[PDB]
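What follows is the content of entry-v4.txt, which has compact mmCIF, C-alpha atoms:
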# COMPACT_ATOMS: atom_id res chain seq x y z
CA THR A 11 25.88 -87.89 -47.71
CA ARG A 12 26.45 -84.58 -45.92
CA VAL A 13 23.19 -82.59 -46.18
CA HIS A 14 25.18 -79.84 -44.44
CA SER A 15 23.77 -76.37 -45.13
CA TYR A 16 25.04 -72.78 -44.86
CA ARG A 17 23.77 -69.40 -43.67
CA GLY A 18 23.69 -65.88 -45.06
CA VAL A 19 22.85 -62.28 -44.18
CA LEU A 20 19.47 -60.56 -44.14
CA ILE A 21 19.47 -58.41 -47.29
CA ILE A 22 16.42 -56.24 -47.98
CA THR A 23 15.69 -53.59 -50.60
CA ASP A 24 13.20 -50.75 -50.23
CA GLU A 25 12.53 -47.50 -52.08
CA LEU A 26 11.69 -44.52 -49.87
CA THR A 27 10.46 -41.08 -50.91
CA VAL A 28 9.08 -38.17 -48.87
CA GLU A 29 7.20 -35.32 -50.54
CA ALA A 30 5.70 -31.97 -49.59
CA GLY A 31 3.57 -29.23 -51.11
CA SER A 32 3.16 -25.49 -51.43
CA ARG A 33 0.36 -22.94 -51.52
CA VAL A 34 0.54 -19.15 -51.86
CA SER A 35 -2.09 -17.04 -50.10
CA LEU A 36 -2.68 -13.38 -50.97
CA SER A 37 -5.11 -10.81 -49.60
CA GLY A 38 -5.55 -7.45 -51.31
CA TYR A 39 -8.21 -4.85 -51.99
CA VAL A 40 -8.76 -1.70 -54.02
CA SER A 41 -7.09 1.32 -52.44
CA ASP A 42 -9.56 3.68 -50.76
CA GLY A 43 -7.01 6.18 -49.47
CA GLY A 44 -4.51 4.87 -46.95
CA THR A 45 -3.28 5.35 -43.39
CA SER A 46 -1.91 8.89 -43.39
CA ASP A 47 -0.17 11.11 -40.84
CA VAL A 48 -1.76 14.40 -39.78
CA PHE A 49 -5.21 13.72 -41.29
CA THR A 50 -6.56 17.27 -41.33
CA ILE A 51 -8.85 19.35 -43.51
CA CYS A 52 -6.99 21.41 -46.09
CA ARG A 53 -7.51 24.45 -48.34
CA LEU A 54 -5.36 24.27 -51.47
CA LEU A 55 -4.49 27.43 -53.42
CA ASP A 56 -2.82 28.02 -56.77
CA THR B 3 6.25 -35.91 -42.41
CA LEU B 4 8.87 -33.36 -43.43
CA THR B 5 10.80 -31.52 -40.74
CA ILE B 6 10.00 -27.91 -39.85
CA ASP B 7 13.72 -27.17 -39.53
CA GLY B 8 14.10 -28.55 -43.05
CA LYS B 9 11.06 -26.56 -44.13
CA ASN B 10 12.64 -23.38 -42.75
CA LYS B 11 16.03 -23.91 -44.40
CA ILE B 12 14.56 -24.84 -47.79
CA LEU B 13 12.49 -21.64 -47.90
CA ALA B 14 15.45 -19.34 -47.16
CA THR B 15 16.57 -19.21 -50.81
CA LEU B 16 13.27 -18.17 -52.44
CA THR B 17 13.60 -14.43 -51.64
CA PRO B 18 10.94 -12.95 -53.95
CA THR B 19 11.56 -9.26 -54.53
CA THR B 20 9.12 -7.89 -57.13
CA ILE B 21 5.39 -8.49 -57.63
CA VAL B 22 3.52 -8.12 -60.93
CA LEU B 23 -0.24 -8.32 -61.52
CA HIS B 24 -1.78 -10.04 -64.55
CA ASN B 25 -5.30 -9.92 -65.95
CA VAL B 26 -5.04 -13.57 -67.03
CA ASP B 27 -3.62 -16.63 -65.33
CA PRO B 28 0.18 -16.65 -65.79
CA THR B 29 0.67 -20.38 -65.11
CA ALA B 30 1.18 -21.22 -68.79
CA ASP B 31 3.45 -18.20 -69.34
CA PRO B 32 4.36 -15.90 -66.44
CA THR B 33 6.47 -13.81 -68.82
CA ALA B 34 3.57 -12.53 -70.92
CA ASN B 35 0.54 -10.25 -70.81
CA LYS B 36 1.74 -8.18 -67.85
CA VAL B 37 -0.30 -5.21 -66.62
CA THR B 38 1.62 -3.28 -63.95
CA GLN B 39 5.32 -2.56 -63.43
CA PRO B 40 7.59 -4.58 -61.11
CA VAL B 41 7.11 -3.22 -57.60
CA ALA B 42 9.37 -4.26 -54.73
CA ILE B 43 8.06 -6.75 -52.15
CA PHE B 44 10.20 -7.54 -49.10
CA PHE B 45 9.74 -10.77 -47.16
CA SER B 46 10.50 -11.79 -43.58
CA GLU B 47 12.82 -14.53 -42.33
CA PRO B 48 11.66 -18.16 -42.65
CA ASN B 49 9.62 -19.07 -39.57
CA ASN B 50 7.57 -22.24 -38.97
CA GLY B 51 7.95 -22.97 -42.68
CA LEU B 52 6.12 -19.80 -43.72
CA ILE B 53 7.51 -16.51 -45.02
CA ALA B 54 5.37 -13.38 -44.90
CA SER B 55 5.50 -9.86 -46.29
CA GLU B 56 7.19 -7.27 -44.08
CA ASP B 57 5.40 -4.10 -45.20
CA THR B 58 2.32 -3.43 -47.30
CA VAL B 59 2.76 -3.02 -51.06
CA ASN B 60 0.98 -0.46 -53.25
CA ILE B 61 0.89 -1.23 -56.98
CA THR B 62 -0.18 1.60 -59.29
CA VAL B 63 -2.34 0.04 -62.00
CA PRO B 64 -2.95 2.14 -65.16
CA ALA B 65 -6.43 3.17 -66.28
CA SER B 66 -8.86 0.81 -68.04
CA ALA B 67 -6.87 -2.18 -66.76
CA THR B 68 -8.01 -5.37 -65.03
CA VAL B 69 -6.03 -7.40 -62.49
CA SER B 70 -7.02 -10.98 -61.69
CA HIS B 71 -3.77 -12.91 -61.16
CA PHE B 72 -0.46 -12.06 -59.50
CA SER B 73 3.13 -13.25 -59.86
CA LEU B 74 6.35 -12.89 -57.88
CA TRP B 75 9.90 -12.47 -59.19
CA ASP B 76 13.49 -12.47 -57.94
CA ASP B 77 16.68 -10.55 -58.80
CA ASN B 78 17.59 -12.66 -61.85
CA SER B 79 14.14 -12.42 -63.50
CA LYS B 80 12.93 -15.89 -62.52
CA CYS B 81 9.25 -16.29 -61.63
CA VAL B 82 9.34 -18.22 -58.36
CA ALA B 83 5.58 -18.26 -57.77
CA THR B 84 2.23 -17.36 -59.33
CA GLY B 85 -1.26 -16.98 -57.91
CA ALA B 86 -4.67 -15.36 -58.16
CA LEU B 87 -5.95 -12.44 -56.09
CA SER B 88 -9.35 -12.62 -54.38
CA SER B 89 -11.50 -11.17 -57.17
CA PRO B 90 -10.98 -9.37 -60.48
CA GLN B 91 -10.90 -5.57 -60.24
CA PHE B 92 -11.41 -3.06 -63.05
CA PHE B 93 -9.69 0.31 -62.55
CA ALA B 94 -11.61 2.75 -64.74
CA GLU B 95 -9.54 5.73 -63.61
CA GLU B 96 -5.91 5.26 -62.62
CA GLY B 97 -5.99 3.68 -59.18
CA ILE B 98 -3.88 1.74 -56.69
CA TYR B 99 -4.04 -1.91 -55.68
CA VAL B 100 -2.64 -2.52 -52.21
CA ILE B 101 -1.18 -5.87 -51.16
CA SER B 102 -2.10 -6.48 -47.53
CA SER B 103 -0.29 -9.77 -46.85
CA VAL B 104 1.56 -12.33 -48.98
CA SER B 105 2.30 -15.57 -47.13
CA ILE B 106 4.26 -18.19 -49.05
CA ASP B 107 4.10 -21.38 -47.03
CA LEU B 108 5.07 -25.02 -47.57
CA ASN B 109 3.42 -26.60 -44.51
CA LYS B 110 0.60 -28.10 -46.61

Render the structure in this file as structure tokens.
Amino acid sequence: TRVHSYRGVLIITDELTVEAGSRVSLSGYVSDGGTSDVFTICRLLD
Amino acid sequence: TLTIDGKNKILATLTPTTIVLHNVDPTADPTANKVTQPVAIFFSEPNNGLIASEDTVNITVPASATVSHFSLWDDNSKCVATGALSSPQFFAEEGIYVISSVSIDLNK
């Protein structure tokens, strides 16, 4: 009788996954003119 | 969590260039039922995992048209993103819809 044993290595298996997300943000409004240069009263003529 | 450096690098290839407004939600088909014409939108450099519009965008919507949802495009006609504006707007007479800020972000 021997009963003699052996020894191995520590083998482990795992599944890893990292995830993320996305969101789009928008801000708009109906045009009521716009930032202009030389905002002055005018007198058009044809 | 994901890395901000990774989040910055990943977002550097999106590069949306044109914006198009739709009256209906374009999620099912962002290639259909368009309202306006493609108008150029220029984005900033990726920072803190969030790109933002550089300058304001004015989209000339024709008369008797409604805009409720928006969509972005790239150079090779590939709809990178879709979304919905704040509220529907009906332009009775020919008007302009101005985009104040578009901020595509991935930081959850």

> Between CA of residue 27 (chain A) and CA of residue 11 (chain B), what is the spacing in Å?
Replying inline: 19.2 Å

Could you give me, as a tab-separated table, every chain B residue with an atom at most 12 Å from chain A, plus its closest atom pair and distance in Å to one decimal, counting only C-alpha atoms, rows ordered by chain then number?
residue	atom	partner	partner_atom	distance
B:3	CA	A:28	CA	7.4
B:4	CA	A:30	CA	7.1
B:5	CA	A:30	CA	10.2
B:6	CA	A:30	CA	11.4
B:8	CA	A:30	CA	11.2
B:9	CA	A:30	CA	9.4
B:12	CA	A:30	CA	11.5
B:13	CA	A:32	CA	10.7
B:21	CA	A:36	CA	11.5
B:23	CA	A:38	CA	11.5
B:51	CA	A:32	CA	10.3
B:52	CA	A:34	CA	9.9
B:53	CA	A:34	CA	10.1
B:54	CA	A:35	CA	9.8
B:55	CA	A:36	CA	10.1
B:58	CA	A:38	CA	9.7
B:59	CA	A:38	CA	9.4
B:60	CA	A:41	CA	8.3
B:61	CA	A:41	CA	9.5
B:62	CA	A:41	CA	9.7
B:63	CA	A:40	CA	10.4
B:68	CA	A:40	CA	11.6
B:69	CA	A:40	CA	10.6
B:70	CA	A:38	CA	11.1
B:71	CA	A:36	CA	10.3
B:72	CA	A:36	CA	8.9
B:73	CA	A:34	CA	10.3
B:74	CA	A:34	CA	10.4
B:82	CA	A:34	CA	11.0
B:83	CA	A:34	CA	7.8
B:84	CA	A:34	CA	7.9
B:85	CA	A:34	CA	6.7
B:86	CA	A:36	CA	7.7
B:87	CA	A:36	CA	6.1
B:88	CA	A:37	CA	6.6
B:89	CA	A:39	CA	8.8
B:90	CA	A:39	CA	10.0
B:91	CA	A:40	CA	7.6
B:92	CA	A:40	CA	9.5
B:93	CA	A:40	CA	8.8
B:94	CA	A:40	CA	12.0
B:96	CA	A:41	CA	11.0
B:97	CA	A:41	CA	7.2
B:98	CA	A:41	CA	5.3
B:99	CA	A:40	CA	5.0
B:100	CA	A:38	CA	5.8
B:101	CA	A:38	CA	4.6
B:102	CA	A:38	CA	5.2
B:103	CA	A:37	CA	5.6
B:104	CA	A:36	CA	4.8
B:105	CA	A:35	CA	5.5
B:106	CA	A:34	CA	4.8
B:107	CA	A:33	CA	6.0
B:108	CA	A:32	CA	4.3
B:109	CA	A:32	CA	7.0
B:110	CA	A:31	CA	5.5

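Going from CA of residue 29 (chain B) to CA of residue 14 (chain B) covers 23.3 Å.
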
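The space between CA of residue 79 (chain B) and CA of residue 38 (chain B) spans 15.5 Å.
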
With a distance cut-off of 9 Å and only C-alpha atoms, select the neighbouring residues of residue 81 (chain B), excluding the residue or stretch itself and same-chain residues fewer than 4 positions from it, and output the selection as a tab-separated table (two decimals) with C-alpha atoms, keeping the file's coordinate frame.
chain	number	residue	atom	x	y	z
B	18	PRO	CA	10.94	-12.95	-53.95
B	32	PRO	CA	4.36	-15.90	-66.44
B	33	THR	CA	6.47	-13.81	-68.82
B	73	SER	CA	3.13	-13.25	-59.86
B	74	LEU	CA	6.35	-12.89	-57.88
B	75	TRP	CA	9.90	-12.47	-59.19
B	76	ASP	CA	13.49	-12.47	-57.94

Starting from 8 Å padding per side, set up an axis-aligned box that covers all listed atoms of region 21-39 of chain A and hand over centre and edge lengths in Å, one decimal, as AutoDock Vina command-line options.
--center_x 5.6 --center_y -31.6 --center_z -49.7 --size_x 43.7 --size_y 69.6 --size_z 20.8

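Distance check against residue 24 (chain B) using only C-alpha atoms: of B:67, B:50, B:80, B:7, the minimum falls on B:67.
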